[PDB]
Every structure is written in C-alpha cells, then in structure tokens.
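Chemist: Would you mind keeping the following structure in view while I ask a few things?
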Amino acid sequence: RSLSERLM
Amino acid sequence: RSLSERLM
Amino acid sequence: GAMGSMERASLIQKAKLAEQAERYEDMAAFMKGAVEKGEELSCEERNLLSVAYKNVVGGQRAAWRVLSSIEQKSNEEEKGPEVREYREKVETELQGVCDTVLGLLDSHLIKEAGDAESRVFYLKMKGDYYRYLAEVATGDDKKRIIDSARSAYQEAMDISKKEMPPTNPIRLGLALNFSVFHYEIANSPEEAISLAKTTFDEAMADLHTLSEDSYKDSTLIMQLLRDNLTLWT
Amino acid sequence: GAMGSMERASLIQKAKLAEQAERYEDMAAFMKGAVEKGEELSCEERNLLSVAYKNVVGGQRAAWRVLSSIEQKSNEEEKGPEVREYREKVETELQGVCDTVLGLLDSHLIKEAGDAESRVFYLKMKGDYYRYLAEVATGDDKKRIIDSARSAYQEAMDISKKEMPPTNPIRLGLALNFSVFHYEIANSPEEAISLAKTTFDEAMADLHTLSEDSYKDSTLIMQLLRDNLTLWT
Ligand SMILES: N=C(N)c1cc(-c2ccccc2)c(-c2cncn2CCN)s1
Ligand SMILES: N=C(N)c1cc(-c2ccccc2)c(-c2cncn2CCN)s1
Ligand SMILES: [Ca+2]
Ligand SMILES: [Ca+2]
Ligand SMILES: [Ca+2]
Ligand SMILES: [Ca+2]
Ligand SMILES: [Cl-]
Ligand SMILES: [Cl-]
Ligand SMILES: [Mg+2]
Ligand SMILES: [Mg+2]
C-alpha cells in the first residue's frame with residue numbers, strides 16, 4: 001500500500 | 001522491571 | 001458533551017498527557033471537547049487533533065483490512081454470518097469516527113479558518129476522512145464519497161499553491177495524501193505519479209531558501225513522495 | 001449483558017477474529033459474554049480469555065506508569081490538578097477491568113474448576129489481577145489486596161506441585177508470576193530469587209521426559225526465569 005502523510 | 005509470563 | 005464542564009486549557013493539557021501515554025481514544029475525546037468550546041485552534045492544537053484521530057482511525061483501518069481479507073477468503077467452508085457481522089461492526093465504528101471528525105470540521109472549524117495554514121490543514125483533513133470512508137464504501141454512495149474527498153483536496157491544493165511555498169510541510173503532506181487518493185481510491189495511477197513527481201521537483205528547487213531545521217522537516221516528507229514513486233514505477 | 005443474545009460458539013469465533021485484528025477490547029467483551037453463558041471453558045477458551053484481558057490491562061498499566069512518573073516529577077512548577085486527575089481516570093478504568101476479571105473468576109469459574117489445569121490456571125489469574133490492583137494501591141487496602149494475591153498464588157502453587165510435572169507450562173508460568181509478585185510487590189527479593197532458581201532447576205531435570213514440541217514450550221518459559229535471575233543478581 002502507498003505511504004500517506006505521517007504525524008509530525 | 002521483572003519479566004512476567006507471556007501469552008502463548 | 002461529557003467534556004463540557006472541563007476548561008479548554010485543561011483539555012489541551014490532558015490531550016498532551018494522553019499522547020505521551022499512547023491513549024489516543026482519550027486524546028481524541030479531549031480534543032473534541034476543546035474544539036466544541038468554539039474558539040479557533042492554534043497550529044499546535046490542530047496537530048493534537050489530527051494526531052489523536054489519525055491514531056484512532058488508523059487502528060480501525062488496520063483491523064478492517066484484516067477482517068475484510070478473512071471475509072474475502074471465506075467467499076471463494078461456510079462459517080456462518082460471524083465474519084461479515086464482525087467486519088460490519090468494525091466498519092460502523094470506523095464510519096462513526098470519520099463522521100465525528102467531519103462534523104467538527106463542518107461545525108465550525110473550516111468556516112472560521114481564514115489563514116492558509118489553518119484552512120489548508122482543515123480541508124486536507126476533510127479529504128482524508130472522506131478518503132477513509134471511501135475505502136470501506138460499496139453501495140450507492142461510493143461515488144459521492146469519492147467526489148467529496150476530491151473536492152476538499154482540490155480546494156486545499158488551489159489555496160496551497162497560491163499561498164504557500166513548495167516546501168511548506170502542510171502543502172507537501174496535502175500533495176502526498178492527494179496522490180494516494182488518486183492511486184488507491186480514484187483509479188488514477190498516472191495522476192498520482194505526475195502529482196508526486198511535480199511536487200517533489202518543485203520542493204527540491206526551493207530547499208535552498210530554508211534553514212537547517214526547515215530543510216530537515218521538508219526533506220522528511222519529500223522522502224515519502226520518493227518512496228511511493230519507487231513503489232508505483 | 002450486551003452479549004446475552006449471541007450464541008456461545010459465535011462469541012468464541014469472534015474472539016478469535018478480534019485477536020487476529022488486534023482488537024483486544026472487543027476480544028475481552030466477547031470472552032466475558034462466553035463466560036457468562038455459564039458453561040466451563042476448554043483450555044483454548046481459557047487462553048482466549050487470558051490473552052484478551054492481559055492485553056487490555058497491559059495497555060492500562062503502561063499508561064498508568066507514564067502518568068505516575070509525570071505526576072511524581074511534578075511533585076518534587078505547579079501545573080494544577082490535571083495530571084493527578086488524568087492518572088486517577090486511567091487508574092479507575094484499570095481497577096474496573098481487574099474487578100471485572102475477578103468477578104468472572106468468582107462467579108463462577110473457580111468453583112466449578114476441578115481439574116488441575118483449569119483450577120491452577122484460574123487461581124493464577126486471580127493472583128495476577130490482585131497483583132495489578134496492588135501495583136496502584138496506596139490506601140487502607142494495599143495490605144489486604146497484597147494478601148489476596150498471595151493467597152491465590154499459594155493455593156495454585158500447592159495444587160501445581162502435587163498434580164503437575166515441573167515442566168508443565170501452566171506450572172512454570174505460575175511460578176514465574178509468583179516470583180515477580182515477591183520481587184515487585186511483596187518486597188521479598190530473596191524469596192523471588194529462591195523460587196525462580198528452584199523452579200528452573202527442577203524443570204531442567206525433567207526436560208528429558210518431553211517431546212520436541214513440549215521441550216520448546218517449557219524452555220521458552222524457563223528462559224524468562226533465567227532472564228529475571230540475571231536482572232535480580
Ligand atoms: N504534539 C504533537 N504531536 C505536535 C505538536 C506540534 C507543534 C506545533 C506548533 C508548535 C508546537 C508544537 C507539532 C508540529 C506540527 N508541525 C510542526 N510541529 C512542531 C514539532 N515538529 S506536532
Ligand atoms: N488463541 C490463542 N492465543 C491460543 C490458543 C491456544 C490453544 C490451546 C489449546 C488448543 C488450541 C489452542 C493456546 C495455547 C495455550 N497453551 C498452549 N496453546 C496452544 C498453542 N501453543 S494460545
Ligand atoms: Ca478566523
Ligand atoms: Ca504565504
Ligand atoms: Ca468442573
Ligand atoms: Ca497430573
Ligand atoms: Cl459482531
Ligand atoms: Cl481526566
Ligand atoms: Mg473557561
Ligand atoms: Mg445457544
């Protein structure tokens with residue numbers, strides 16, 4: 001699965 | 001901390 | 001709400017404690033209570049809200065995928081209605097969390113958000129939670145849910161390109177997630193690849209303007225764009 | 001209970017699905033419903049019950065420890081009542097889970113358990129959940145909670161030594177957890193060390209009787225005894 005935005 | 005029984 | 005008697009500052013403090021304790025359901029309840037006080041959220045507070053709900057829905061999505069896979073295998077020995085029932089239970093709870101987040105955005109976070117950093121953040125969030133709804137949608141609603149995600153992402157993109165530099169971490173995270181929408185949801189892998197490539201290249205060309213710390217922030221997100229391009233090509 | 005309308009077999013099936021999906025709160029609710037049907041539990045079913053509640057309470061214990069540490073540091077700038085309040089909230093939810101498990105054991109799992117493998121398992125569980133209560137106890141009840149844990153562990157030990165070989169995995173896990181009780185709860189590190197050593201040595205001498213698979217099962221638990229002895233000496 002594609003990687004989405006991570007928490008900062 | 002001491003190690004206790006693990007799930008099997 | 002059950003948080004109506006707690007001070008706004010105490011809710012924010014407890015959300016930070018819940019984060020440290022990895023109690024994300026509590027964290028989300030505290031931040032929902034803070035939103036419902038009716039005041040706008042600072043950048044830090046918006047990020048607390050996003051962290052809390054992303055962790056809650058992320059666990060639900062992971063569980064839904066496990067159960068959906070078991071259900072699909074069973075439909076290729078008949079084991080009764082239990083797998084479908086339990087997948088539906090998890091699905092309904094996931095939809096309820098998405099609906100809660102979307103309701104906070106609609107009442108009234110988006111309409112009061114005028115600065116690019118807040119408005120883009122919230123519109124991206126709206127796209128993300130419609131995207132999570134689309135992942136489990138099948139009935140006469142998948143098309144309308146997909147179009148709602150697309151519309152929110154597109155409005156956020158239009159603002160971000162006008163008002164933020166190409167290295168801004170919010171702009172980069174938006175482009176990343178819209179590219180995932182194109183690839184995973186909208187059946188548009190070419191659009192996904194094109195968006196990720198242009199986003200990466202325009203950010204690369206703007207890195208020279210940044211401090212050491214901002215450079216680290218922007219390049220960390222650029223690496224996710226690159227990793228997806230490697231997976232997709 | 002909310003599980004009263006679901007078949008026993010369906011509750012067990014859904015508990016296994018919840019385990020696979022890492023949905024341990026759901027798993028515990030399904031197994032509580034299964035216990036409340038009133039029938040005894042098989043070995044597999046007892047292990048499903050233990051896995052579910054151990055994961056739920058384990059998350060609570062980890063969160064309580066994070067919050068307790070923050071609270072202690074704050075009591076060495078005054079930040080108001082929020083840290084204490086939130087630690088208390090998590091503590092109360094942990095106590096409620098322990099009370100639920102103890103209530104299932106008392107109504108009526110222990111009294112119907114006649115075979116060593118079931119009775120020892122349940123009495124060990126009773127010791128464990130009183131031990132988790134003791135970890136957070138401070139008032140005029142810590143002493144009585146500690147004695148309740150001790151009494152349950154001791155009865156389980158007496159049965160295990162009479163009725164099970166020294167390599168039996170239930171007997172080994174009981175001895176391990178009673179040794180942790182002695183070291184962490186009862187301020188008896190010498191008793192803990194003595195128990196772990198004797199347990200390890202008597203199991204070592206019985207390994208020759210075991211199949212390849214049983215040998216693997218018993219040696220895995222023996223390694224935990226050894227790791228604690230390394231930490232304690
Ligand atoms: N509590 C959390 N998870 C977060 C808090 C903050 C934050 C934001 C502004 C001010 C103070 C803290 C986050 C943030 C999101 N963009 C950058 N930052 C900074 C940290 N790199 S993330
Ligand atoms: N679903 C789980 N977590 C477990 C299920 C069982 C189990 C027990 C009996 C029969 C079938 C399965 C467990 C078990 C506990 N002692 C040994 N076993 C076997 C596995 N090594 S553990
Ligand atoms: Ca405003
Ligand atoms: Ca700007
Ligand atoms: Ca019996
Ligand atoms: Ca025997
Ligand atoms: Cl269900
Ligand atoms: Cl609280
Ligand atoms: Mg106030
Ligand atoms: Mg029946």
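Starting from 1 in every chain, residues are counted up; chains themselves are A, B, ... following the order of the structure tokens, and ligands are numbered from 1 as listed.
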May I have the residues within 12 Å of ligand 3, computed using only C-alpha atoms and all ligand atoms, as a PyMOL selection string?

Modeler: chain C and resi 38-42+108-119

Chemist: Those same residues - C-alpha atoms - I'd like them written as a compact mmCIF listing (two decimals), in the first residue's frame.

Modeler:
```txt
# COMPACT_ATOMS: atom_id res chain seq x y z
CA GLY C 38 -15.99 27.25 19.93
CA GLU C 39 -12.64 29.01 19.69
CA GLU C 40 -10.23 28.61 16.78
CA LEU C 41 -7.26 26.25 17.22
CA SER C 42 -3.58 27.17 17.17
CA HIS C 108 -17.41 25.11 12.62
CA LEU C 109 -13.66 24.80 12.07
CA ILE C 110 -13.49 25.29 8.28
CA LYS C 111 -15.84 28.27 8.08
CA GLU C 112 -13.79 30.25 10.63
CA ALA C 113 -10.40 29.32 9.12
CA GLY C 114 -9.06 32.22 7.06
CA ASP C 115 -5.29 31.86 7.11
CA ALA C 116 -3.76 29.45 4.61
CA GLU C 117 -2.07 27.30 7.27
CA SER C 118 -5.36 26.64 9.07
CA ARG C 119 -7.70 26.46 6.08
```

Chemist: Tell me which protein, DNA and RNA residues are within 7 Å of residue 5 in chain A, counting only C-alpha atoms, leaving out same-chain ones fewer than 4 positions away, and put them as JSON, numbers by chain.

Modeler: {"C": [173, 176, 177]}

Chemist: Counting only C-alpha atoms, what is within 9 Å of residue 6 in chain A, bar same-chain residues fewer than 3 positions away, as number ranges by chain?

Modeler: A: 3; C: 173, 221, 224

Chemist: Hey, can you spit out that residue selection with C-alpha atoms as a CSV table (one decimal), in the first residue's frame?

Modeler:
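This is the output file part_6.csv:
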```
chain,number,residue,atom,x,y,z
A,3,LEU,CA,2.5,5.7,2.0
C,173,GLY,CA,1.6,16.5,3.2
C,221,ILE,CA,8.1,14.4,3.7
C,224,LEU,CA,7.7,9.7,1.3
```

Chemist: Check every residue of chain D for an atom within 8 Å of chain C, counting only C-alpha atoms, and provide those that qualify as a PyMOL selection string.

Modeler: chain D and resi 10+13-14+17+20-23+62-64+66-67+82-83+86

Chemist: Selected residues, N, CA and C atoms, written as a PDB file, in the first residue's frame, please.

Modeler:
```pdb
ATOM      1  N   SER D  10     -20.520 -18.423  18.498  1.00  0.00           N
ATOM      2  CA  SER D  10     -20.258 -17.207  17.731  1.00  0.00           C
ATOM      3  C   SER D  10     -19.374 -16.240  18.513  1.00  0.00           C
ATOM      4  N   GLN D  13     -15.862 -17.644  18.196  1.00  0.00           N
ATOM      5  CA  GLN D  13     -15.363 -17.370  16.849  1.00  0.00           C
ATOM      6  C   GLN D  13     -14.944 -15.910  16.696  1.00  0.00           C
ATOM      7  N   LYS D  14     -15.770 -14.983  17.178  1.00  0.00           N
ATOM      8  CA  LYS D  14     -15.450 -13.563  17.076  1.00  0.00           C
ATOM      9  C   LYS D  14     -14.284 -13.171  17.972  1.00  0.00           C
ATOM     10  N   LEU D  17     -11.312 -13.903  15.878  1.00  0.00           N
ATOM     11  CA  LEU D  17     -11.162 -12.875  14.845  1.00  0.00           C
ATOM     12  C   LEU D  17     -10.605 -11.582  15.434  1.00  0.00           C
ATOM     13  N   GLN D  20      -6.935 -11.796  15.894  1.00  0.00           N
ATOM     14  CA  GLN D  20      -6.211 -11.623  14.633  1.00  0.00           C
ATOM     15  C   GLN D  20      -6.162 -10.161  14.221  1.00  0.00           C
ATOM     16  N   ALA D  21      -7.222  -9.403  14.505  1.00  0.00           N
ATOM     17  CA  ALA D  21      -7.320  -7.985  14.159  1.00  0.00           C
ATOM     18  C   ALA D  21      -6.719  -7.068  15.223  1.00  0.00           C
ATOM     19  N   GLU D  22      -6.142  -7.634  16.285  1.00  0.00           N
ATOM     20  CA  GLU D  22      -5.583  -6.859  17.401  1.00  0.00           C
ATOM     21  C   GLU D  22      -6.603  -5.909  18.025  1.00  0.00           C
ATOM     22  N   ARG D  23      -7.831  -6.387  18.168  1.00  0.00           N
ATOM     23  CA  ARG D  23      -8.930  -5.653  18.783  1.00  0.00           C
ATOM     24  C   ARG D  23      -9.207  -6.295  20.139  1.00  0.00           C
ATOM     25  N   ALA D  62       0.715   0.273  31.285  1.00  0.00           N
ATOM     26  CA  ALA D  62       1.754   1.072  30.648  1.00  0.00           C
ATOM     27  C   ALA D  62       1.405   2.556  30.711  1.00  0.00           C
ATOM     28  N   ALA D  63       0.135   2.896  30.475  1.00  0.00           N
ATOM     29  CA  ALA D  63      -0.284   4.300  30.515  1.00  0.00           C
ATOM     30  C   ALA D  63      -0.224   4.838  31.939  1.00  0.00           C
ATOM     31  N   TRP D  64      -0.675   4.046  32.916  1.00  0.00           N
ATOM     32  CA  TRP D  64      -0.610   4.459  34.310  1.00  0.00           C
ATOM     33  C   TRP D  64       0.825   4.763  34.720  1.00  0.00           C
ATOM     34  N   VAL D  66       3.361   5.765  32.833  1.00  0.00           N
ATOM     35  CA  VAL D  66       3.792   7.021  32.224  1.00  0.00           C
ATOM     36  C   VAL D  66       3.250   8.195  33.025  1.00  0.00           C
ATOM     37  N   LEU D  67       1.955   8.153  33.345  1.00  0.00           N
ATOM     38  CA  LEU D  67       1.314   9.257  34.047  1.00  0.00           C
ATOM     39  C   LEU D  67       1.811   9.371  35.482  1.00  0.00           C
ATOM     40  N   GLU D  82      -4.542  18.642  36.887  1.00  0.00           N
ATOM     41  CA  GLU D  82      -4.853  17.855  35.705  1.00  0.00           C
ATOM     42  C   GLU D  82      -4.074  16.543  35.652  1.00  0.00           C
ATOM     43  N   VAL D  83      -2.784  16.540  36.011  1.00  0.00           N
ATOM     44  CA  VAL D  83      -2.013  15.294  35.940  1.00  0.00           C
ATOM     45  C   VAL D  83      -2.592  14.257  36.901  1.00  0.00           C
ATOM     46  N   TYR D  86      -6.008  12.943  35.571  1.00  0.00           N
ATOM     47  CA  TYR D  86      -5.942  12.013  34.443  1.00  0.00           C
ATOM     48  C   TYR D  86      -5.305  10.688  34.866  1.00  0.00           C
TER      49      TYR D  86
END
```

Chemist: How many Å lie between CA of residue 96 in chain D and CA of residue 133 in chain D, rounded to one decimal?

Modeler: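 For CA of residue 96 in chain D relative to CA of residue 133 in chain D, the distance reads 9.7 Å.
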
Chemist: Kindly work out which residues sit at most 8 Å from ligand 9, using only C-alpha atoms and all ligand atoms, and give the list as a list in words.

Modeler: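 The residues within 8 Å of ligand 9, counting only C-alpha atoms and all ligand atoms, are residues 6, 7, 8 and 9 of chain C.
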
Chemist: For ligand 2, return the neighbouring residues as an mmCIF file with C-alpha atoms, in the first residue's frame (distance at most 6 Å; only C-alpha atoms and all ligand atoms).

Modeler:
```cif
data_model
loop_
_atom_site.group_PDB
_atom_site.id
_atom_site.type_symbol
_atom_site.label_atom_id
_atom_site.label_comp_id
_atom_site.auth_asym_id
_atom_site.auth_seq_id
_atom_site.Cartn_x
_atom_site.Cartn_y
_atom_site.Cartn_z
ATOM 1 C CA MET B 8 1.247 -18.386 24.349
ATOM 2 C CA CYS D 43 -8.086 -24.951 27.518
ATOM 3 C CA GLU D 44 -8.175 -22.957 24.269
ATOM 4 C CA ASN D 47 -6.319 -18.893 26.899
ATOM 5 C CA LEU D 48 -8.527 -16.652 24.746
#
```

Chemist: Write out as CSV the residues of chain C that have any atom within 7 Å of an atom of ligand 4, one row each with the nearest atom pair and its distance in Å to one decimal, counting only C-alpha atoms and all ligand atoms, sorted by chain and then rising number.

Modeler:
```
residue,atom,partner,partner_atom_place_in_ligand_line,distance
C:163,CA,ligand 4,1 (Ca),4.3
C:164,CA,ligand 4,1 (Ca),4.4
C:165,CA,ligand 4,1 (Ca),6.8
```

Chemist: How many Å separate CA of residue 33 in chain C from atom 2 (C, counted along the ligand's line) of ligand 1?

Modeler: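 That distance, rounded to one decimal, is 17.3 Å.
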